[PDB]
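One protein chain, two forms: both are listed below as structure tokens, the first as structure 1 and the second as structure 2.
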Structure 1
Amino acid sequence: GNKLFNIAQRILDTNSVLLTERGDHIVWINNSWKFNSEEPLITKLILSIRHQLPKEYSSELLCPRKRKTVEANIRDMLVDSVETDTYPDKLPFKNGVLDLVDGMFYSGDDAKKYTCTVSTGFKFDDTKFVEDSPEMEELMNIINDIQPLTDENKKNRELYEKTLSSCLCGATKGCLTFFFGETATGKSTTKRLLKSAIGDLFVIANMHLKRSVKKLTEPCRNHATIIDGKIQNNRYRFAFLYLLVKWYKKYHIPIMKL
């Protein structure tokens, strides 16, 4: 056939570009399913796949007028859409995906099979998701101070942990939990802690695919659960992420329900 057509065919065969019902063309570059419905991110992918093609097919794509032909060819081959965020027990990081059934981290093509268009926005450092460090004990202490562990507060702590641990699911939640409290009881502190824990999955048009923010209990797509100085430096991030994963694995194994 044609060189600029075989290049598009070979790029498509790698399943690096996909089409989603919102009309979006999700692109796989830098180990994250990216998308931007304002300018073609595909051309970035034809430029990236350059070190994945034969030599005769590699020098062709060093021309921006030749990375629009292949982009159009690719855009005209995506005739059938692909479902997104099929798996709820998955956490997308800027370098892979994390499974909440056993708490390990995938990277590269291992995270490609789990189509997660949205992401937490930051990389998952390996030597921070540890059991103990000079951040775990202080986090545990402040969590106890905010939400005491006593008998009359035991059920309150249980529902509290169940509510924050729910802010990882990829499915919609049909239940509401109230955050009633007096002045200066740490609500903003927990808000910032959870924001540091997940990040981009935290904020009606903007809250798409977000996992936390009768009309806000319907499947349509939303997944959100509706509810100092050494925080913005992003220190308690991985410790609180470990706590959230532990609470999820302790409370949300079989069925997700609030």
Structure 2
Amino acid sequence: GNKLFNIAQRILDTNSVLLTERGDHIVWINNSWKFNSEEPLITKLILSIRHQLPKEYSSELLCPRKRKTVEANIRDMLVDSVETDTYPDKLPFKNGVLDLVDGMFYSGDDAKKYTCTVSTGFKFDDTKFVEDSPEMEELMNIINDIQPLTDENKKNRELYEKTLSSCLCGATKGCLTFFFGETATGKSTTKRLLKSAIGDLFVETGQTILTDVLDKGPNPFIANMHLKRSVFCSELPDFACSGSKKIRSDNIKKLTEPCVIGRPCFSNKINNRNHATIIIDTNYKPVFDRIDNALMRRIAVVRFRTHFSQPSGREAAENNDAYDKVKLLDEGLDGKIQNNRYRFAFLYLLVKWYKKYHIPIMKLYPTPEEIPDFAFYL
């Protein structure tokens, strides 16, 4: 046959081009599963892959019109589509895919079989993934104080560990773990450590999602939710005042199934995989809209009881209600978080939590006994 068909066969045997059910080809350049709808980037792959075909097959993929022939041949040999982001226990970094079951990191060609589209945004190295480092203790002390390692603070410790660890897995989690506690207790600190550790797979949302109906109109926070592995719901308003809505029971139902029932911007097909770990940051008594016996199996809560106070107002925090210990916040601590000093240390700690709590199976168990709003059905 012609050379321009053998070339399109060989480029297809490397499985560099794949077809998705959404109708868009995904190519593999610069060690990343890239895809674009505005411009099909198959000719870029055909040009870049020529350093692997034999001499005569490489000395001819230089004319721009012998590359569109090859692209046209390729587009006529991809009949069946394949699905993306199937492996849930993989963390995609800008230069590879990191395993969770044993911590091995695959980089380059090896990190290709796991068809992962989204990425964290930053690179990876083993120089800061070390078990022992000064930063290891510089976060061990903060973790110990942010959640005391006492027998009274034992259930909360393990529940908080599980909730933070479930932020790396790429699967659907049915739970809306709550973050009960006052301000200056550590909610913002954890919110920034988590963002530094996971990067792009983290979206800070408002209270609009929990008090609206997700059926009509543009749905940006259902659109950009696509394949995100974390959603944070801080700045929650007060419920005792008038005009503040309640926690919509239907919304909780729509955030616990392995494919959220929503539509993209001006689209019709329903395919928006929900992998987020919806974490709600609270300050007051959370009151729901309508309570039924099939709802408490989707709600869990943890409590923070360590007050951070500068000497400006330190002497007025030791006499508070829900605090076992009162600590101080460092001046450059937040800037140190923005400096990504402990990004890899926090990543390592999360990996250890994952391989200590989620090796056999993954599950989040609701804890409705702590929350006393129900108070009627138990």
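Here, a residue number simply tells you its place in the sequence of structure 1, counted from 1. We call the rigid core the largest set of C-alpha positions that still match within 1.5 Å between the two forms.
- Assigning each C-alpha to the better-fitting of the two rigid parts between the two structures places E56 and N6 together.
- When the larger part is held fixed by C-alpha superposition, the smaller rigid part is turned by 14 degrees between the two structures.
- Shown is the Cα shift of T84 between the two structures after rigid core superposition, which amounts to 1.1 Å.
- Taking the rigid core as reference, the CA displacement of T14 between the two structures comes to 2.7 Å.
- Once the core of the two forms is superposed, the Cα of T150 has moved 0.4 Å between the two structures.
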